[PDB]
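target.txt follows; it contains compact mmCIF, N, CA and C atoms.
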# COMPACT_ATOMS: atom_id res chain seq x y z
N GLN A 520 3.82 -47.73 -55.67
CA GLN A 520 5.03 -47.84 -54.85
C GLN A 520 5.58 -46.47 -54.45
N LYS A 521 5.12 -45.94 -53.31
CA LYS A 521 5.64 -44.68 -52.77
C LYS A 521 6.73 -44.98 -51.75
N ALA A 522 7.87 -44.30 -51.88
CA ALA A 522 9.07 -44.68 -51.14
C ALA A 522 8.99 -44.21 -49.69
N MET A 523 9.34 -45.11 -48.76
CA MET A 523 9.17 -44.84 -47.34
C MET A 523 10.39 -45.29 -46.54
N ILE A 524 10.42 -44.87 -45.28
CA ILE A 524 11.40 -45.38 -44.33
C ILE A 524 11.04 -46.81 -43.98
N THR A 525 12.06 -47.68 -43.91
CA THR A 525 11.81 -49.07 -43.58
C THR A 525 12.71 -49.56 -42.46
N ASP A 526 13.87 -48.95 -42.28
CA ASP A 526 14.72 -49.37 -41.17
C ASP A 526 13.95 -49.20 -39.86
N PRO A 527 13.66 -50.29 -39.14
CA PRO A 527 12.88 -50.15 -37.89
C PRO A 527 13.45 -49.12 -36.94
N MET A 528 14.76 -49.19 -36.65
CA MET A 528 15.37 -48.21 -35.76
C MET A 528 15.16 -46.79 -36.25
N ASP A 529 15.11 -46.59 -37.56
CA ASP A 529 14.79 -45.27 -38.08
C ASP A 529 13.32 -44.95 -37.85
N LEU A 530 12.43 -45.92 -38.09
CA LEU A 530 11.01 -45.72 -37.80
C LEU A 530 10.79 -45.32 -36.35
N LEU A 531 11.44 -46.03 -35.42
CA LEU A 531 11.31 -45.67 -34.02
C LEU A 531 11.76 -44.23 -33.78
N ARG A 532 12.93 -43.84 -34.32
CA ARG A 532 13.41 -42.47 -34.15
C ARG A 532 12.44 -41.46 -34.75
N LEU A 533 11.77 -41.84 -35.84
CA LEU A 533 10.73 -41.00 -36.41
C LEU A 533 9.56 -40.87 -35.45
N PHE A 534 9.04 -42.00 -34.97
CA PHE A 534 7.84 -41.99 -34.15
C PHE A 534 8.03 -41.12 -32.91
N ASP A 535 9.09 -41.37 -32.14
CA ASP A 535 9.33 -40.59 -30.93
C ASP A 535 9.38 -39.08 -31.19
N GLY A 536 9.33 -38.65 -32.44
CA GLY A 536 9.36 -37.24 -32.75
C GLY A 536 8.09 -36.77 -33.42
N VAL A 537 7.35 -37.71 -34.02
CA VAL A 537 6.03 -37.38 -34.54
C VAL A 537 4.99 -37.41 -33.42
N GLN A 538 4.91 -38.53 -32.70
CA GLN A 538 3.92 -38.70 -31.65
C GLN A 538 3.91 -37.49 -30.74
N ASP A 539 2.73 -36.89 -30.60
CA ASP A 539 2.38 -35.76 -29.74
C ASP A 539 2.83 -34.41 -30.30
N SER A 540 3.56 -34.37 -31.41
CA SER A 540 3.94 -33.08 -31.98
C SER A 540 2.69 -32.33 -32.38
N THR A 541 2.63 -31.05 -32.05
CA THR A 541 1.48 -30.26 -32.48
C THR A 541 1.73 -29.55 -33.80
N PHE A 542 2.97 -29.54 -34.28
CA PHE A 542 3.36 -28.75 -35.43
C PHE A 542 2.71 -29.25 -36.70
N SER A 543 2.68 -28.38 -37.70
CA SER A 543 2.19 -28.75 -39.01
C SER A 543 2.98 -29.94 -39.54
N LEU A 544 2.45 -30.58 -40.59
CA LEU A 544 3.24 -31.61 -41.26
C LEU A 544 4.60 -31.06 -41.67
N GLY A 545 4.60 -29.92 -42.37
CA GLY A 545 5.84 -29.33 -42.85
C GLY A 545 6.91 -29.28 -41.78
N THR A 546 6.60 -28.62 -40.67
CA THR A 546 7.55 -28.52 -39.57
C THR A 546 7.92 -29.89 -39.03
N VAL A 547 6.95 -30.81 -38.98
CA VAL A 547 7.21 -32.11 -38.37
C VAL A 547 8.17 -32.92 -39.23
N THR A 548 8.06 -32.77 -40.55
CA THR A 548 9.02 -33.34 -41.49
C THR A 548 10.40 -32.76 -41.25
N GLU A 549 10.57 -31.46 -41.52
CA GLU A 549 11.84 -30.77 -41.31
C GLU A 549 12.55 -31.24 -40.06
N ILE A 550 11.81 -31.37 -38.96
CA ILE A 550 12.44 -31.81 -37.72
C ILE A 550 12.92 -33.25 -37.84
N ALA A 551 12.11 -34.10 -38.47
CA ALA A 551 12.49 -35.50 -38.60
C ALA A 551 13.73 -35.64 -39.46
N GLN A 552 13.80 -34.90 -40.56
CA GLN A 552 14.94 -35.02 -41.45
C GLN A 552 16.24 -34.70 -40.72
N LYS A 553 16.22 -33.71 -39.82
CA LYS A 553 17.40 -33.45 -39.02
C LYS A 553 17.88 -34.73 -38.34
N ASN A 554 16.98 -35.45 -37.68
CA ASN A 554 17.37 -36.68 -37.00
C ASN A 554 17.64 -37.83 -37.96
N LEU A 555 17.17 -37.73 -39.20
CA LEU A 555 17.33 -38.77 -40.22
C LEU A 555 17.78 -38.13 -41.52
N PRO A 556 19.04 -37.68 -41.59
CA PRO A 556 19.44 -36.82 -42.71
C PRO A 556 19.54 -37.54 -44.03
N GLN A 557 19.58 -38.87 -44.03
CA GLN A 557 19.81 -39.58 -45.27
C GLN A 557 18.59 -39.52 -46.18
N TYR A 558 17.40 -39.36 -45.62
CA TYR A 558 16.18 -39.45 -46.42
C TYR A 558 15.81 -38.08 -46.96
N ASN A 559 14.99 -38.06 -48.01
CA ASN A 559 14.52 -36.82 -48.59
C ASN A 559 13.13 -36.55 -48.07
N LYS A 560 12.79 -35.27 -47.93
CA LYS A 560 11.57 -34.88 -47.21
C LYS A 560 10.36 -35.66 -47.70
N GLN A 561 10.15 -35.70 -49.02
CA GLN A 561 9.04 -36.44 -49.60
C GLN A 561 8.93 -37.85 -49.05
N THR A 562 10.05 -38.55 -48.88
CA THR A 562 9.97 -39.88 -48.30
C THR A 562 9.51 -39.82 -46.86
N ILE A 563 10.06 -38.90 -46.09
CA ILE A 563 9.61 -38.72 -44.72
C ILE A 563 8.13 -38.38 -44.69
N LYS A 564 7.72 -37.38 -45.47
CA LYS A 564 6.30 -37.06 -45.59
C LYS A 564 5.49 -38.30 -45.93
N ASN A 565 5.87 -39.01 -47.00
CA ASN A 565 5.21 -40.27 -47.34
C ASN A 565 5.10 -41.18 -46.12
N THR A 566 6.17 -41.29 -45.34
CA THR A 566 6.16 -42.17 -44.18
C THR A 566 5.20 -41.67 -43.12
N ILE A 567 5.23 -40.37 -42.85
CA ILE A 567 4.34 -39.79 -41.85
C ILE A 567 2.88 -40.00 -42.24
N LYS A 568 2.51 -39.54 -43.45
CA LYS A 568 1.17 -39.79 -43.96
C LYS A 568 0.75 -41.25 -43.84
N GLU A 569 1.71 -42.18 -43.80
CA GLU A 569 1.36 -43.58 -43.71
C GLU A 569 0.96 -43.98 -42.29
N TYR A 570 1.79 -43.63 -41.31
CA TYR A 570 1.69 -44.20 -39.98
C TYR A 570 1.00 -43.29 -38.97
N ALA A 571 0.65 -42.06 -39.35
CA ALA A 571 0.24 -41.06 -38.38
C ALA A 571 -0.96 -40.27 -38.90
N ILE A 572 -1.50 -39.44 -38.01
CA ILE A 572 -2.80 -38.79 -38.19
C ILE A 572 -2.81 -37.56 -37.29
N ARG A 573 -3.30 -36.44 -37.82
CA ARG A 573 -3.36 -35.20 -37.04
C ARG A 573 -4.78 -35.02 -36.48
N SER A 574 -4.90 -35.03 -35.16
CA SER A 574 -6.19 -34.83 -34.53
C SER A 574 -6.77 -33.46 -34.92
N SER A 575 -8.09 -33.34 -34.77
CA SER A 575 -8.80 -32.07 -34.93
C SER A 575 -9.26 -31.65 -33.55
N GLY A 576 -8.53 -30.73 -32.93
CA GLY A 576 -8.84 -30.32 -31.58
C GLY A 576 -10.22 -29.72 -31.42
N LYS A 577 -11.10 -30.37 -30.65
CA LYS A 577 -12.36 -29.74 -30.25
C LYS A 577 -12.06 -28.71 -29.17
N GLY A 578 -11.22 -27.73 -29.50
CA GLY A 578 -10.61 -26.89 -28.50
C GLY A 578 -9.37 -27.55 -27.91
N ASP A 579 -9.59 -28.54 -27.05
CA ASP A 579 -8.52 -29.21 -26.32
C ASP A 579 -8.48 -30.72 -26.60
N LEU A 580 -7.28 -31.27 -26.79
CA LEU A 580 -6.04 -30.49 -26.85
C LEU A 580 -5.84 -30.10 -28.33
N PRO A 581 -4.94 -29.15 -28.61
CA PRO A 581 -4.75 -28.72 -30.00
C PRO A 581 -4.35 -29.89 -30.90
N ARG A 582 -4.30 -29.60 -32.20
CA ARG A 582 -4.06 -30.63 -33.19
C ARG A 582 -2.70 -31.30 -33.03
N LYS A 583 -2.69 -32.53 -32.52
CA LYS A 583 -1.46 -33.28 -32.35
C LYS A 583 -1.51 -34.53 -33.22
N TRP A 584 -0.32 -35.07 -33.49
CA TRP A 584 -0.16 -36.28 -34.28
C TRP A 584 -0.15 -37.50 -33.37
N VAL A 585 -0.71 -38.61 -33.86
CA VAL A 585 -0.61 -39.88 -33.16
C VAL A 585 -0.33 -40.97 -34.17
N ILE A 586 0.42 -41.99 -33.75
CA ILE A 586 0.63 -43.15 -34.60
C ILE A 586 -0.61 -44.03 -34.49
N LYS A 587 -1.21 -44.34 -35.64
CA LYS A 587 -2.53 -44.96 -35.66
C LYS A 587 -2.53 -46.34 -35.02
N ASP A 588 -1.46 -47.12 -35.22
CA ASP A 588 -1.41 -48.54 -34.82
C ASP A 588 -0.43 -48.69 -33.65
N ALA A 589 -0.94 -48.52 -32.43
CA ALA A 589 -0.09 -48.66 -31.25
C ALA A 589 0.47 -50.06 -31.14
N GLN A 590 -0.23 -51.04 -31.71
CA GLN A 590 0.23 -52.42 -31.75
C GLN A 590 1.55 -52.49 -32.51
N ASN A 591 1.46 -52.32 -33.83
CA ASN A 591 2.64 -52.35 -34.68
C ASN A 591 3.81 -51.62 -34.05
N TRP A 592 3.59 -50.38 -33.61
CA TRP A 592 4.64 -49.64 -32.92
C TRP A 592 5.30 -50.49 -31.85
N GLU A 593 4.50 -51.16 -31.01
CA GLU A 593 5.09 -51.99 -29.97
C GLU A 593 5.96 -53.10 -30.54
N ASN A 594 5.61 -53.64 -31.71
CA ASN A 594 6.45 -54.67 -32.31
C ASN A 594 7.80 -54.10 -32.71
N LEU A 595 7.79 -52.95 -33.38
CA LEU A 595 9.04 -52.29 -33.72
C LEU A 595 9.88 -51.99 -32.48
N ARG A 596 9.24 -51.65 -31.36
CA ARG A 596 10.00 -51.50 -30.12
C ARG A 596 10.57 -52.83 -29.66
N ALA A 597 9.91 -53.93 -30.01
CA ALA A 597 10.38 -55.25 -29.59
C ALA A 597 11.49 -55.77 -30.49
N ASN A 598 11.41 -55.48 -31.80
CA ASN A 598 12.49 -55.83 -32.72
C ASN A 598 13.82 -55.23 -32.28
N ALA A 599 13.79 -54.07 -31.62
CA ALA A 599 14.99 -53.52 -31.01
C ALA A 599 15.42 -54.28 -29.73
N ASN A 600 14.91 -55.50 -29.52
CA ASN A 600 15.22 -56.35 -28.36
C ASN A 600 14.75 -55.71 -27.05

Written as structure tokens, that's how I'd like the structure from this file.
Amino acid sequence: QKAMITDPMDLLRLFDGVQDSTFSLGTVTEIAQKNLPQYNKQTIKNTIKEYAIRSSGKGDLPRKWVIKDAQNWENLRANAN
């Protein structure tokens, strides 16, 4: 049981800031915590490691993050009506 973000609206706010970010995990966390100050970095990190993945740029484009399950993401966008 590793602690994660579960509020959908919070997950959405996380995703819109992880998706396409080229920054390291560290920086990508720090930035997320600003937008989600209630959580502790480890939880954010845990959440990122869960839903996202850092590409390995074959040159282009550089290493960016993507949410692995575009489906699920769309459901969370739908739960927001």

Review point. Chain A: which residues are alpha helix (DSSP H) by DSSP, as an MDAnalysis selection string?
Key: chainID A and resid 527:537 544:554 560:570 589:598

For the strand (DSSP E or B) assignment from backbone DSSP, which residues of chain A qualify? Please present them as an mmCIF file with N, CA and C atoms, in the frame of the given file.
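And here is the file that came out, result20.cif:
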data_model
loop_
_atom_site.group_PDB
_atom_site.id
_atom_site.type_symbol
_atom_site.label_atom_id
_atom_site.label_comp_id
_atom_site.auth_asym_id
_atom_site.auth_seq_id
_atom_site.Cartn_x
_atom_site.Cartn_y
_atom_site.Cartn_z
ATOM 1 N N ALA A 571 0.650 -42.060 -39.350
ATOM 2 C CA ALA A 571 0.240 -41.060 -38.380
ATOM 3 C C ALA A 571 -0.960 -40.270 -38.900
ATOM 4 N N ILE A 572 -1.500 -39.440 -38.010
ATOM 5 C CA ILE A 572 -2.800 -38.790 -38.190
ATOM 6 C C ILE A 572 -2.810 -37.560 -37.290
ATOM 7 N N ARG A 573 -3.300 -36.440 -37.820
ATOM 8 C CA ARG A 573 -3.360 -35.200 -37.040
ATOM 9 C C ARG A 573 -4.780 -35.020 -36.480
ATOM 10 N N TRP A 584 -0.320 -35.070 -33.490
ATOM 11 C CA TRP A 584 -0.160 -36.280 -34.280
ATOM 12 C C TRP A 584 -0.150 -37.500 -33.370
ATOM 13 N N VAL A 585 -0.710 -38.610 -33.860
ATOM 14 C CA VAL A 585 -0.610 -39.880 -33.160
ATOM 15 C C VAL A 585 -0.330 -40.970 -34.170
ATOM 16 N N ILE A 586 0.420 -41.990 -33.750
ATOM 17 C CA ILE A 586 0.630 -43.150 -34.600
ATOM 18 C C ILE A 586 -0.610 -44.030 -34.490
#

Point to revise | For atom CA of residue 563 of chain A and atom CA of residue 551 of chain A, the interatomic separation in Å (one decimal) | key: 7.5 Å

**Study point:** d(atom C of residue 549 of chain A, atom CA of residue 598 of chain A) in Å
**Key:**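 Atom CA of residue 598 of chain A lies 25.7 Å from atom C of residue 549 of chain A.
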
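Interatomic distance, atom N of residue 571 of chain A against atom N of residue 586 of chain A: 5.6 Å.
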
Check your understanding: Contacts of residue 540 of chain A at 12 Å or less, counting only C-alpha atoms, minus same-chain residues fewer than 2 places along, as a ChimeraX atom specification?
Key -> /A:533-538,542-548,550-551,567,571-574,580-586

Please dump the current selection as a JSON list (two decimals), keeping the file's coordinate frame; keep N, CA and C atoms.
[["chain", "number", "residue", "atom", "x", "y", "z"],
["A", 533, "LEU", "N", 11.77, -41.84, -35.84],
["A", 533, "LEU", "CA", 10.73, -41.00, -36.41],
["A", 533, "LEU", "C", 9.56, -40.87, -35.45],
["A", 534, "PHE", "N", 9.04, -42.00, -34.97],
["A", 534, "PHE", "CA", 7.84, -41.99, -34.15],
["A", 534, "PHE", "C", 8.03, -41.12, -32.91],
["A", 535, "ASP", "N", 9.09, -41.37, -32.14],
["A", 535, "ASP", "CA", 9.33, -40.59, -30.93],
["A", 535, "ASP", "C", 9.38, -39.08, -31.19],
["A", 536, "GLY", "N", 9.33, -38.65, -32.44],
["A", 536, "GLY", "CA", 9.36, -37.24, -32.75],
["A", 536, "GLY", "C", 8.09, -36.77, -33.42],
["A", 537, "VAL", "N", 7.35, -37.71, -34.02],
["A", 537, "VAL", "CA", 6.03, -37.38, -34.54],
["A", 537, "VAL", "C", 4.99, -37.41, -33.42],
["A", 538, "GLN", "N", 4.91, -38.53, -32.70],
["A", 538, "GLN", "CA", 3.92, -38.70, -31.65],
["A", 538, "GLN", "C", 3.91, -37.49, -30.74],
["A", 542, "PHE", "N", 2.97, -29.54, -34.28],
["A", 542, "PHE", "CA", 3.36, -28.75, -35.43],
["A", 542, "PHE", "C", 2.71, -29.25, -36.70],
["A", 543, "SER", "N", 2.68, -28.38, -37.70],
["A", 543, "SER", "CA", 2.19, -28.75, -39.01],
["A", 543, "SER", "C", 2.98, -29.94, -39.54],
["A", 544, "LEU", "N", 2.45, -30.58, -40.59],
["A", 544, "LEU", "CA", 3.24, -31.61, -41.26],
["A", 544, "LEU", "C", 4.60, -31.06, -41.67],
["A", 545, "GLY", "N", 4.60, -29.92, -42.37],
["A", 545, "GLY", "CA", 5.84, -29.33, -42.85],
["A", 545, "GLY", "C", 6.91, -29.28, -41.78],
["A", 546, "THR", "N", 6.60, -28.62, -40.67],
["A", 546, "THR", "CA", 7.55, -28.52, -39.57],
["A", 546, "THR", "C", 7.92, -29.89, -39.03],
["A", 547, "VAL", "N", 6.95, -30.81, -38.98],
["A", 547, "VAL", "CA", 7.21, -32.11, -38.37],
["A", 547, "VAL", "C", 8.17, -32.92, -39.23],
["A", 548, "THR", "N", 8.06, -32.77, -40.55],
["A", 548, "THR", "CA", 9.02, -33.34, -41.49],
["A", 548, "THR", "C", 10.40, -32.76, -41.25],
["A", 550, "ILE", "N", 11.81, -31.37, -38.96],
["A", 550, "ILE", "CA", 12.44, -31.81, -37.72],
["A", 550, "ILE", "C", 12.92, -33.25, -37.84],
["A", 551, "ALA", "N", 12.11, -34.10, -38.47],
["A", 551, "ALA", "CA", 12.49, -35.50, -38.60],
["A", 551, "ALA", "C", 13.73, -35.64, -39.46],
["A", 567, "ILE", "N", 5.23, -40.37, -42.85],
["A", 567, "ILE", "CA", 4.34, -39.79, -41.85],
["A", 567, "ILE", "C", 2.88, -40.00, -42.24],
["A", 571, "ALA", "N", 0.65, -42.06, -39.35],
["A", 571, "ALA", "CA", 0.24, -41.06, -38.38],
["A", 571, "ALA", "C", -0.96, -40.27, -38.90],
["A", 572, "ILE", "N", -1.50, -39.44, -38.01],
["A", 572, "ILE", "CA", -2.80, -38.79, -38.19],
["A", 572, "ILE", "C", -2.81, -37.56, -37.29],
["A", 573, "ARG", "N", -3.30, -36.44, -37.82],
["A", 573, "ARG", "CA", -3.36, -35.20, -37.04],
["A", 573, "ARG", "C", -4.78, -35.02, -36.48],
["A", 574, "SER", "N", -4.90, -35.03, -35.16],
["A", 574, "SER", "CA", -6.19, -34.83, -34.53],
["A", 574, "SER", "C", -6.77, -33.46, -34.92],
["A", 580, "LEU", "N", -7.28, -31.27, -26.79],
["A", 580, "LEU", "CA", -6.04, -30.49, -26.85],
["A", 580, "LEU", "C", -5.84, -30.10, -28.33],
["A", 581, "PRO", "N", -4.94, -29.15, -28.61],
["A", 581, "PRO", "CA", -4.75, -28.72, -30.00],
["A", 581, "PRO", "C", -4.35, -29.89, -30.90],
["A", 582, "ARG", "N", -4.30, -29.60, -32.20],
["A", 582, "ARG", "CA", -4.06, -30.63, -33.19],
["A", 582, "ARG", "C", -2.70, -31.30, -33.03],
["A", 583, "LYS", "N", -2.69, -32.53, -32.52],
["A", 583, "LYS", "CA", -1.46, -33.28, -32.35],
["A", 583, "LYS", "C", -1.51, -34.53, -33.22],
["A", 584, "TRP", "N", -0.32, -35.07, -33.49],
["A", 584, "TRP", "CA", -0.16, -36.28, -34.28],
["A", 584, "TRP", "C", -0.15, -37.50, -33.37],
["A", 585, "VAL", "N", -0.71, -38.61, -33.86],
["A", 585, "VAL", "CA", -0.61, -39.88, -33.16],
["A", 585, "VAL", "C", -0.33, -40.97, -34.17],
["A", 586, "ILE", "N", 0.42, -41.99, -33.75],
["A", 586, "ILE", "CA", 0.63, -43.15, -34.60],
["A", 586, "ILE", "C", -0.61, -44.03, -34.49]]

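Here the question is which of A:525, A:575, A:531, A:570 gets nearest to residue 588 of chain A using only C-alpha atoms, and that residue is A:570.
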
Exercise for review: For each of A:597, A:527, A:532, A:587, take the minimum atom-to-atom distance to residue 569 of chain A, counting only C-alpha atoms, then give the residue where this is smallest.
Suggested key: A:587

Check your understanding: Of the residues A:589, A:579, A:522, A:529, which is the one nearest to residue 555 of chain A, using only N, CA and C atoms?
Key ->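 Looking only at the distances to residue 555 of chain A, the closest residue turns out to be A:529.
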
Review point. Excluding same-chain residues fewer than 2 positions from residue 524 of chain A, what lies within 6 Å of it counting only N, CA and C atoms, as a ChimeraX atom specification?
Key: /A:522,526,562,566

Would you compute an axis-aligned box for segment 529-548 of chain A, covering every atom listed for it in the file with 3 Å of margin on each side, and report centre and edge lengths in Å to one decimal as lines of an AutoDock Vina configuration file?
center_x = 8.3
center_y = -37.5
center_z = -36.3
size_x = 19.6
size_y = 24.2
size_z = 19.1

Incomplete segment 547-565 of chain A filled out to N, CA, C and O atoms as a compact mmCIF listing (two decimals), in the frame of the given file:
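Listing of rebuild29.txt after writing:
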# COMPACT_ATOMS: atom_id res chain seq x y z
N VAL A 547 6.95 -30.81 -38.98
CA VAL A 547 7.21 -32.11 -38.37
C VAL A 547 8.17 -32.92 -39.23
O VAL A 547 9.02 -33.66 -38.71
N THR A 548 8.06 -32.77 -40.55
CA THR A 548 9.02 -33.34 -41.49
C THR A 548 10.40 -32.76 -41.25
O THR A 548 11.30 -33.47 -40.80
N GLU A 549 10.57 -31.46 -41.52
CA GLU A 549 11.84 -30.77 -41.31
C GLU A 549 12.55 -31.24 -40.06
O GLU A 549 13.76 -31.50 -40.07
N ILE A 550 11.81 -31.37 -38.96
CA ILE A 550 12.44 -31.81 -37.72
C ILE A 550 12.92 -33.25 -37.84
O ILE A 550 14.01 -33.60 -37.37
N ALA A 551 12.11 -34.10 -38.47
CA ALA A 551 12.49 -35.50 -38.60
C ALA A 551 13.73 -35.64 -39.46
O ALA A 551 14.65 -36.41 -39.12
N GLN A 552 13.80 -34.90 -40.56
CA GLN A 552 14.94 -35.02 -41.45
C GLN A 552 16.24 -34.70 -40.72
O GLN A 552 17.26 -35.35 -40.96
N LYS A 553 16.22 -33.71 -39.82
CA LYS A 553 17.40 -33.45 -39.02
C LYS A 553 17.88 -34.73 -38.34
O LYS A 553 19.06 -35.09 -38.45
N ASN A 554 16.98 -35.45 -37.68
CA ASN A 554 17.37 -36.68 -37.00
C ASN A 554 17.64 -37.83 -37.96
O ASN A 554 18.26 -38.82 -37.56
N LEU A 555 17.17 -37.73 -39.20
CA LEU A 555 17.33 -38.77 -40.22
C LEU A 555 17.78 -38.13 -41.52
O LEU A 555 17.01 -38.04 -42.48
N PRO A 556 19.04 -37.68 -41.59
CA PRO A 556 19.44 -36.82 -42.71
C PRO A 556 19.54 -37.54 -44.03
O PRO A 556 19.59 -36.87 -45.07
N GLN A 557 19.58 -38.87 -44.03
CA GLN A 557 19.81 -39.58 -45.27
C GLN A 557 18.59 -39.52 -46.18
O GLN A 557 18.74 -39.60 -47.41
N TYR A 558 17.40 -39.36 -45.62
CA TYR A 558 16.18 -39.45 -46.42
C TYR A 558 15.81 -38.08 -46.96
O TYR A 558 16.28 -37.05 -46.45
N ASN A 559 14.99 -38.06 -48.01
CA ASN A 559 14.52 -36.82 -48.59
C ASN A 559 13.13 -36.55 -48.07
O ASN A 559 12.37 -37.49 -47.82
N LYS A 560 12.79 -35.27 -47.93
CA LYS A 560 11.57 -34.88 -47.21
C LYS A 560 10.36 -35.66 -47.70
O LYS A 560 9.65 -36.28 -46.91
N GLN A 561 10.15 -35.70 -49.02
CA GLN A 561 9.04 -36.44 -49.60
C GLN A 561 8.93 -37.85 -49.05
O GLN A 561 7.82 -38.34 -48.80
N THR A 562 10.05 -38.55 -48.88
CA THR A 562 9.97 -39.88 -48.30
C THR A 562 9.51 -39.82 -46.86
O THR A 562 8.66 -40.61 -46.44
N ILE A 563 10.06 -38.90 -46.09
CA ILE A 563 9.61 -38.72 -44.72
C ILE A 563 8.13 -38.38 -44.69
O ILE A 563 7.35 -39.02 -43.97
N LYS A 564 7.72 -37.38 -45.47
CA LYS A 564 6.30 -37.06 -45.59
C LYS A 564 5.49 -38.30 -45.93
O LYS A 564 4.55 -38.65 -45.23
N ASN A 565 5.87 -39.01 -47.00
CA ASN A 565 5.21 -40.27 -47.34
C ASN A 565 5.10 -41.18 -46.12
O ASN A 565 4.04 -41.77 -45.88
